[PDB]
Amino acid sequence: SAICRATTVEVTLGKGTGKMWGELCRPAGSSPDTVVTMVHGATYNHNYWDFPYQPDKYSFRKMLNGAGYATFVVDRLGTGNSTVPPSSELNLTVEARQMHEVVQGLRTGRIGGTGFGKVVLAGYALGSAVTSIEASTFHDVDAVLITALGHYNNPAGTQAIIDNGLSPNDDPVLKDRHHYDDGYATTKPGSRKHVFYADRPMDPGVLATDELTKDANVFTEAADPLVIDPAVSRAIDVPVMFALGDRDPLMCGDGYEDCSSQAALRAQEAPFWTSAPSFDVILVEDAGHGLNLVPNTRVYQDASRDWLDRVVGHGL
Ligand SMILES: COC(=O)c1nc(-c2ccc3c(n2)C(=O)C(N)=C(OC)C3=O)c(N)c(-c2cccc(OC)c2O)c1C
């Protein structure tokens, strides 16, 4: 009981133009004023935000639709059903302009027909960096949901990704789709378990589904200084939820992102969100880096939902 229409969006790409794939979903028998736009992270695609194994439990999109909200999960360019351009043409700032265009199109009704009054941007990992830049540059979103991306980080976590990297032309899952140039990457088979999820308890079906729905990415975007720039996040003048897993191998550690308690995390990040009228923080126990895909994810889902209800509402 949820209406879902897949569509493509004409999006800026140097000269112009390229195709961004996205799915718009509305709760059955309902027409909400609020849409939540969901930008996935690196090496993932839209499936992260609409996960297809036990969706009742792990699909964040679905949870949102059940809460009354409209949702727009996208395939970032380079991934899934979207255009896969030359890696040189793509970077975070370019990608944020693309997201601005998706927002723009959801507000006016170009995307979806009805046209939404409130737009929420939701971000996972480097999608949160895309989200932040969009929010900072254009100021055309009513609230921002930041996940799996902190201002401090762990070099060794990042290095493990580099030590488990390979080219998507050598990867059995991604071989057949495209001929990717030398600036696209993905992760090795069997590596995600450790490099993202930290070896924490997971459903075996979740790990298998993750490796079967994984994607490529443009790996220069990870080294971008904009990912951790304080100037970007400090400029955000709307309500922000900041979500992080307490065993995230890319952030957490002594002398890095303080994942010892929620209050400590809150303390350490607050100097980076000073224009936000409200700054809320959830810290997900025994969780790695993919928050939607952990066994106690529902704690994270309920909090996110309750926040939305509090800072935007789903309209009428
Ligand atoms: C799913 O998580 C990510 O989007 C992600 N991927 C990665 C990631 C993913 C794939 C790759 C790489 N990094 C990478 O560095 C590299 N050389 C590759 O080539 C093999 C990758 O495929 C990240 N490094 C980072 C990252 C983490 C902390 C701080 C950062 O910058 C200040 C980050 O960019 C993130 C957040």
# chains A, B, ... in the order shown; residues from 1 in each chain; ligands from 1
$ residues_near_ligand --ligand "ligand 1" --cutoff "8 Å" --atoms "only C-alpha atoms and all ligand atoms" --output "number ranges by chain"
A: 40-44, 124-127, 148-155, 157-159, 161-167, 184-187, 196, 216-228, 250-251, 289-290
$ write_last_selection --atoms "N, CA and C atoms" --output "compact mmCIF listing (two decimals), in the first residue's frame"
# COMPACT_ATOMS: atom_id res chain seq x y z
N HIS A 40 21.98 9.08 -1.30
CA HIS A 40 22.82 7.98 -0.79
C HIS A 40 24.30 8.34 -0.71
N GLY A 41 25.07 7.44 -0.12
CA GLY A 41 26.51 7.63 0.06
C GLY A 41 27.38 6.87 -0.93
N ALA A 42 28.70 6.95 -0.70
CA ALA A 42 29.68 6.41 -1.65
C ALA A 42 29.77 4.88 -1.67
N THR A 43 29.70 4.36 -2.89
CA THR A 43 29.73 2.95 -3.17
C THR A 43 28.34 2.34 -3.00
N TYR A 44 27.40 3.10 -2.45
CA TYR A 44 26.00 2.74 -2.45
C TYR A 44 25.22 3.44 -3.57
N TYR A 124 23.25 10.41 3.45
CA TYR A 124 24.04 9.37 4.04
C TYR A 124 25.46 9.47 3.54
N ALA A 125 26.37 9.64 4.48
CA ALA A 125 27.78 9.58 4.21
C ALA A 125 28.17 10.72 3.29
N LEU A 126 28.84 10.48 2.16
CA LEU A 126 29.19 11.57 1.24
C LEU A 126 27.97 12.23 0.63
N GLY A 127 26.83 11.55 0.68
CA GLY A 127 25.54 12.17 0.39
C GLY A 127 25.17 13.26 1.38
N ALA A 148 25.94 9.47 9.11
CA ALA A 148 27.20 8.80 8.80
C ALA A 148 28.32 9.69 8.26
N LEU A 149 28.38 10.94 8.71
CA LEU A 149 29.41 11.85 8.27
C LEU A 149 29.65 12.82 9.37
N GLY A 150 30.84 12.75 9.96
CA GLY A 150 31.24 13.66 11.03
C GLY A 150 32.32 14.58 10.54
N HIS A 151 32.53 15.64 11.31
CA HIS A 151 33.59 16.61 11.00
C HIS A 151 34.98 16.08 11.35
N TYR A 152 35.07 15.28 12.41
CA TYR A 152 36.29 14.51 12.70
C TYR A 152 36.11 13.11 12.16
N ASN A 153 37.23 12.41 12.00
CA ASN A 153 37.28 11.14 11.31
C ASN A 153 38.54 10.32 11.62
N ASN A 154 38.55 9.09 11.13
CA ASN A 154 39.62 8.13 11.38
C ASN A 154 40.39 7.83 10.08
N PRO A 155 41.68 8.25 10.00
CA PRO A 155 42.51 7.98 8.82
C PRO A 155 42.61 6.52 8.46
N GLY A 157 40.46 4.09 9.19
CA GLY A 157 39.19 3.70 8.59
C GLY A 157 39.18 3.98 7.11
N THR A 158 39.51 5.21 6.74
CA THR A 158 39.57 5.65 5.34
C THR A 158 40.59 4.85 4.52
N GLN A 159 41.73 4.58 5.13
CA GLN A 159 42.79 3.81 4.50
C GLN A 159 42.36 2.35 4.19
N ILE A 161 39.40 1.37 3.38
CA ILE A 161 38.64 1.47 2.13
C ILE A 161 39.61 1.47 0.94
N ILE A 162 40.63 2.33 0.99
CA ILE A 162 41.67 2.36 -0.05
C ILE A 162 42.38 0.99 -0.22
N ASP A 163 42.65 0.29 0.88
CA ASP A 163 43.31 -1.04 0.79
C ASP A 163 42.38 -2.13 0.28
N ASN A 164 41.06 -1.88 0.33
CA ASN A 164 40.03 -2.78 -0.23
C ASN A 164 39.36 -2.27 -1.50
N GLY A 165 39.91 -1.23 -2.11
CA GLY A 165 39.34 -0.68 -3.33
C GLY A 165 39.67 -1.52 -4.55
N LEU A 166 38.85 -1.40 -5.58
CA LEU A 166 39.20 -1.89 -6.91
C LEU A 166 38.38 -1.20 -7.96
N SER A 167 38.68 -1.44 -9.23
CA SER A 167 37.94 -0.80 -10.32
C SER A 167 36.68 -1.59 -10.66
N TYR A 184 36.47 6.11 -11.42
CA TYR A 184 35.44 5.33 -10.69
C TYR A 184 36.04 4.18 -9.91
N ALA A 185 35.51 3.95 -8.71
CA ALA A 185 35.91 2.83 -7.87
C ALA A 185 34.69 2.16 -7.22
N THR A 186 34.95 1.01 -6.62
CA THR A 186 34.00 0.35 -5.78
C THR A 186 34.82 -0.39 -4.74
N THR A 187 34.16 -1.21 -3.91
CA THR A 187 34.85 -2.05 -2.90
C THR A 187 35.03 -3.49 -3.39
N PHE A 196 32.99 -0.95 6.19
CA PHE A 196 31.83 -0.13 6.55
C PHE A 196 31.22 -0.56 7.88
N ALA A 216 29.39 1.72 -7.94
CA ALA A 216 30.60 2.47 -8.17
C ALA A 216 30.53 3.83 -7.49
N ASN A 217 31.65 4.55 -7.54
CA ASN A 217 31.73 5.93 -7.07
C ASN A 217 32.97 6.66 -7.61
N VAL A 218 32.91 7.99 -7.58
CA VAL A 218 34.03 8.83 -8.01
C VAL A 218 34.83 9.12 -6.75
N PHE A 219 36.02 8.53 -6.64
CA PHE A 219 36.73 8.50 -5.36
C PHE A 219 37.51 9.77 -4.99
N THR A 220 37.66 10.69 -5.93
CA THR A 220 38.28 12.00 -5.64
C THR A 220 37.39 12.88 -4.72
N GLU A 221 36.07 12.69 -4.83
CA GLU A 221 35.09 13.38 -3.97
C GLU A 221 35.33 13.09 -2.47
N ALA A 222 35.86 11.91 -2.14
CA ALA A 222 36.16 11.57 -0.74
C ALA A 222 37.26 12.45 -0.14
N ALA A 223 38.23 12.84 -0.97
CA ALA A 223 39.38 13.65 -0.57
C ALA A 223 39.11 15.14 -0.65
N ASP A 224 38.01 15.53 -1.30
CA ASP A 224 37.54 16.92 -1.27
C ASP A 224 37.61 17.53 0.17
N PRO A 225 38.18 18.75 0.29
CA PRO A 225 38.15 19.43 1.59
C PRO A 225 36.75 19.90 2.01
N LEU A 226 35.84 20.08 1.03
CA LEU A 226 34.44 20.46 1.31
C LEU A 226 33.64 19.48 2.18
N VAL A 227 34.06 18.21 2.18
CA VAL A 227 33.43 17.16 2.98
C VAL A 227 33.45 17.51 4.47
N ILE A 228 34.57 18.05 4.95
CA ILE A 228 34.70 18.41 6.37
C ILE A 228 34.78 19.93 6.64
N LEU A 250 34.86 4.70 10.18
CA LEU A 250 35.38 5.86 9.47
C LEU A 250 35.40 7.13 10.29
N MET A 251 34.62 7.20 11.37
CA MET A 251 34.61 8.37 12.27
C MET A 251 35.19 8.12 13.65
N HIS A 289 28.58 1.83 10.23
CA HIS A 289 28.53 3.01 9.40
C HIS A 289 27.22 3.13 8.60
N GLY A 290 26.73 2.02 8.04
CA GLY A 290 25.40 2.00 7.44
C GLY A 290 24.30 1.85 8.49
$ residues_around --residues "stretch 100-112 of chain A" --least-positions-apart "4" --cutoff "10 Å" --atoms "only C-alpha atoms" --output "PyMOL selection string"
chain A and resi 5-12+20+22-26+33-37+72+74+94-96+116-121+130-131+133-135+137-141
$ closest_residue --among "A:122, A:13, A:270, A:39" --to "residue A:83" --atoms "only C-alpha atoms"
A:13
$ closest_residue --among "A:172, A:55, A:29, A:201" --to "residue A:189" --atoms "only C-alpha atoms"
A:172
$ residues_around --residues "residue A:238" --least-positions-apart "3" --cutoff "12 Å" --atoms "only C-alpha atoms" --output "PyMOL selection string"
chain A and resi 119-121+132+135-136+138-145+233-235+241+273-280+311-312
$ write_last_selection --atoms "C-alpha atoms" --output "compact mmCIF listing (two decimals), in the first residue's frame"
# COMPACT_ATOMS: atom_id res chain seq x y z
CA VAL A 119 11.22 19.66 1.20
CA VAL A 120 13.51 17.74 3.52
CA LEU A 121 17.02 16.68 2.41
CA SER A 132 25.24 20.10 3.39
CA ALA A 135 21.61 23.42 2.01
CA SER A 136 24.46 25.94 2.39
CA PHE A 138 20.89 27.54 -2.00
CA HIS A 139 18.94 27.62 1.28
CA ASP A 140 15.95 25.96 -0.44
CA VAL A 141 15.26 23.16 2.03
CA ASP A 142 13.24 23.21 5.24
CA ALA A 143 15.34 20.77 7.29
CA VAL A 144 18.42 18.60 6.84
CA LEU A 145 19.06 15.03 8.01
CA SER A 233 27.88 23.30 7.81
CA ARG A 234 28.02 26.59 9.88
CA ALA A 235 26.11 28.39 7.08
CA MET A 241 19.38 16.00 12.75
CA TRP A 273 26.19 23.89 13.35
CA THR A 274 25.83 27.40 14.82
CA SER A 275 23.35 28.88 12.28
CA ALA A 276 20.95 25.92 12.84
CA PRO A 277 18.00 27.00 15.01
CA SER A 278 17.90 23.42 16.44
CA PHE A 279 20.63 20.80 16.40
CA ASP A 280 19.60 17.31 17.40
CA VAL A 311 10.56 20.27 12.86
CA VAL A 312 8.51 20.11 9.60
$ closest_residue --among "A:128, A:191, A:213, A:91" --to "residue A:244" --atoms "only C-alpha atoms"
A:128
$ select_by_dssp --residues "stretch 17-185 of chain A" --states "strand (DSSP E or B)" --output "PyMOL selection string"
chain A and resi 18-27+34-39+70-75+118-124+143-147+165-166+184-185
$ decode --residues "stretch 31-66 of chain A" --atoms "N, CA, C and O atoms" --output "mmCIF file, in the first residue's frame"
data_model
loop_
_atom_site.group_PDB
_atom_site.id
_atom_site.type_symbol
_atom_site.label_atom_id
_atom_site.label_comp_id
_atom_site.auth_asym_id
_atom_site.auth_seq_id
_atom_site.Cartn_x
_atom_site.Cartn_y
_atom_site.Cartn_z
ATOM 1 N N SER A 31 -2.004 12.527 0.004
ATOM 2 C CA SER A 31 -1.285 13.498 -0.833
ATOM 3 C C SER A 31 -0.558 14.514 0.070
ATOM 4 O O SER A 31 -1.113 15.570 0.385
ATOM 5 N N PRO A 32 0.680 14.195 0.504
ATOM 6 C CA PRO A 32 1.355 15.025 1.502
ATOM 7 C C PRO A 32 1.997 16.264 0.904
ATOM 8 O O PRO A 32 2.377 16.262 -0.274
ATOM 9 N N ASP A 33 2.104 17.300 1.735
ATOM 10 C CA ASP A 33 2.758 18.557 1.383
ATOM 11 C C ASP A 33 4.257 18.412 1.535
ATOM 12 O O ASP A 33 4.991 19.128 0.863
ATOM 13 N N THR A 34 4.712 17.507 2.412
ATOM 14 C CA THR A 34 6.153 17.278 2.624
ATOM 15 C C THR A 34 6.727 16.059 1.902
ATOM 16 O O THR A 34 6.213 14.938 2.038
ATOM 17 N N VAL A 35 7.827 16.303 1.173
ATOM 18 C CA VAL A 35 8.646 15.258 0.549
ATOM 19 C C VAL A 35 10.055 15.213 1.178
ATOM 20 O O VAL A 35 10.682 16.253 1.402
ATOM 21 N N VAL A 36 10.534 14.001 1.466
ATOM 22 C CA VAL A 36 11.890 13.771 1.990
ATOM 23 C C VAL A 36 12.759 13.230 0.853
ATOM 24 O O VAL A 36 12.544 12.101 0.391
ATOM 25 N N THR A 37 13.735 14.033 0.425
ATOM 26 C CA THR A 37 14.664 13.669 -0.648
ATOM 27 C C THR A 37 15.921 13.021 -0.063
ATOM 28 O O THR A 37 16.622 13.626 0.767
ATOM 29 N N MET A 38 16.223 11.812 -0.532
ATOM 30 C CA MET A 38 17.203 10.952 0.111
ATOM 31 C C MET A 38 18.417 10.686 -0.769
ATOM 32 O O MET A 38 18.345 9.951 -1.741
ATOM 33 N N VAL A 39 19.543 11.269 -0.389
ATOM 34 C CA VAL A 39 20.784 11.188 -1.170
ATOM 35 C C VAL A 39 21.686 10.129 -0.550
ATOM 36 O O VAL A 39 22.118 10.270 0.592
ATOM 37 N N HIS A 40 21.979 9.077 -1.301
ATOM 38 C CA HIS A 40 22.819 7.980 -0.793
ATOM 39 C C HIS A 40 24.303 8.340 -0.713
ATOM 40 O O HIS A 40 24.754 9.342 -1.258
ATOM 41 N N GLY A 41 25.071 7.439 -0.120
ATOM 42 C CA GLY A 41 26.507 7.629 0.060
ATOM 43 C C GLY A 41 27.378 6.869 -0.928
ATOM 44 O O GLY A 41 26.864 6.220 -1.857
ATOM 45 N N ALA A 42 28.696 6.946 -0.703
ATOM 46 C CA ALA A 42 29.680 6.409 -1.649
ATOM 47 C C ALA A 42 29.775 4.881 -1.672
ATOM 48 O O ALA A 42 29.901 4.202 -0.645
ATOM 49 N N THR A 43 29.700 4.363 -2.890
ATOM 50 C CA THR A 43 29.732 2.953 -3.174
ATOM 51 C C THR A 43 28.341 2.337 -3.004
ATOM 52 O O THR A 43 28.111 1.203 -3.413
ATOM 53 N N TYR A 44 27.401 3.100 -2.454
ATOM 54 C CA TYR A 44 25.999 2.735 -2.448
ATOM 55 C C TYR A 44 25.225 3.440 -3.574
ATOM 56 O O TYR A 44 25.756 4.282 -4.297
ATOM 57 N N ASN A 45 23.966 3.049 -3.714
ATOM 58 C CA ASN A 45 23.017 3.670 -4.621
ATOM 59 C C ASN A 45 21.672 3.841 -3.885
ATOM 60 O O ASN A 45 21.631 3.785 -2.654
ATOM 61 N N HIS A 46 20.584 4.050 -4.626
ATOM 62 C CA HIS A 46 19.266 4.347 -4.036
ATOM 63 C C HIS A 46 18.767 3.272 -3.054
ATOM 64 O O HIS A 46 18.151 3.599 -2.047
ATOM 65 N N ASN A 47 19.065 2.012 -3.348
ATOM 66 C CA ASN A 47 18.806 0.908 -2.443
ATOM 67 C C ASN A 47 19.173 1.128 -0.975
ATOM 68 O O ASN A 47 18.520 0.572 -0.121
ATOM 69 N N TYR A 48 20.219 1.887 -0.669
ATOM 70 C CA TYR A 48 20.530 2.187 0.736
ATOM 71 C C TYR A 48 19.323 2.782 1.484
ATOM 72 O O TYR A 48 18.978 2.328 2.569
ATOM 73 N N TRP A 49 18.687 3.777 0.875
ATOM 74 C CA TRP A 49 17.491 4.422 1.423
ATOM 75 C C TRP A 49 16.149 3.703 1.158
ATOM 76 O O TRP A 49 15.129 4.061 1.779
ATOM 77 N N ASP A 50 16.134 2.749 0.223
ATOM 78 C CA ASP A 50 14.986 1.851 0.014
ATOM 79 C C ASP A 50 15.454 0.408 -0.160
ATOM 80 O O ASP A 50 15.332 -0.216 -1.222
ATOM 81 N N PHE A 51 15.988 -0.101 0.928
ATOM 82 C CA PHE A 51 16.628 -1.399 0.973
ATOM 83 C C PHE A 51 15.568 -2.496 0.731
ATOM 84 O O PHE A 51 14.484 -2.448 1.334
ATOM 85 N N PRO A 52 15.858 -3.441 -0.207
ATOM 86 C CA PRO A 52 14.911 -4.456 -0.663
ATOM 87 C C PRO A 52 14.846 -5.784 0.122
ATOM 88 O O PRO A 52 14.028 -6.620 -0.197
ATOM 89 N N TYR A 53 15.692 -5.987 1.119
ATOM 90 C CA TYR A 53 15.601 -7.173 1.981
ATOM 91 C C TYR A 53 14.906 -6.783 3.309
ATOM 92 O O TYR A 53 15.288 -5.817 3.945
ATOM 93 N N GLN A 54 13.875 -7.535 3.702
ATOM 94 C CA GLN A 54 13.034 -7.209 4.879
ATOM 95 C C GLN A 54 12.673 -5.719 4.965
ATOM 96 O O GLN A 54 12.870 -5.094 6.011
ATOM 97 N N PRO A 55 12.133 -5.138 3.869
ATOM 98 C CA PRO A 55 11.887 -3.668 3.819
ATOM 99 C C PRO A 55 11.054 -3.135 4.970
ATOM 100 O O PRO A 55 11.291 -2.025 5.410
ATOM 101 N N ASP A 56 10.101 -3.930 5.459
ATOM 102 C CA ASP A 56 9.357 -3.603 6.679
ATOM 103 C C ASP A 56 10.273 -3.145 7.807
ATOM 104 O O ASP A 56 9.920 -2.252 8.560
ATOM 105 N N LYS A 57 11.439 -3.777 7.921
ATOM 106 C CA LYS A 57 12.420 -3.435 8.940
ATOM 107 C C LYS A 57 13.474 -2.436 8.435
ATOM 108 O O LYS A 57 13.760 -1.471 9.126
ATOM 109 N N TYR A 58 14.073 -2.673 7.270
ATOM 110 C CA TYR A 58 15.281 -1.934 6.871
ATOM 111 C C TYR A 58 15.100 -0.807 5.850
ATOM 112 O O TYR A 58 15.990 0.010 5.715
ATOM 113 N N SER A 59 13.996 -0.767 5.111
ATOM 114 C CA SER A 59 13.742 0.329 4.174
ATOM 115 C C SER A 59 13.310 1.593 4.885
ATOM 116 O O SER A 59 12.182 1.698 5.351
ATOM 117 N N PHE A 60 14.192 2.575 4.910
ATOM 118 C CA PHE A 60 13.885 3.890 5.480
ATOM 119 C C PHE A 60 12.794 4.660 4.730
ATOM 120 O O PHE A 60 12.010 5.370 5.329
ATOM 121 N N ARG A 61 12.798 4.558 3.408
ATOM 122 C CA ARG A 61 11.749 5.127 2.557
ATOM 123 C C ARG A 61 10.384 4.693 2.992
ATOM 124 O O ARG A 61 9.473 5.503 3.111
ATOM 125 N N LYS A 62 10.255 3.383 3.183
ATOM 126 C CA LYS A 62 8.977 2.756 3.493
ATOM 127 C C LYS A 62 8.490 3.240 4.853
ATOM 128 O O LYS A 62 7.382 3.750 4.964
ATOM 129 N N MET A 63 9.339 3.127 5.867
ATOM 130 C CA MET A 63 9.054 3.746 7.153
ATOM 131 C C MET A 63 8.495 5.181 6.993
ATOM 132 O O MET A 63 7.482 5.531 7.614
ATOM 133 N N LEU A 64 9.133 5.987 6.151
ATOM 134 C CA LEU A 64 8.678 7.357 5.904
ATOM 135 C C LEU A 64 7.280 7.454 5.310
ATOM 136 O O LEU A 64 6.458 8.263 5.765
ATOM 137 N N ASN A 65 7.016 6.630 4.307
ATOM 138 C CA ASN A 65 5.689 6.585 3.674
ATOM 139 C C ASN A 65 4.611 6.168 4.682
ATOM 140 O O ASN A 65 3.544 6.796 4.746
ATOM 141 N N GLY A 66 4.912 5.155 5.496
ATOM 142 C CA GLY A 66 4.050 4.756 6.606
ATOM 143 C C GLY A 66 3.811 5.840 7.635
ATOM 144 O O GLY A 66 2.799 5.821 8.311
#
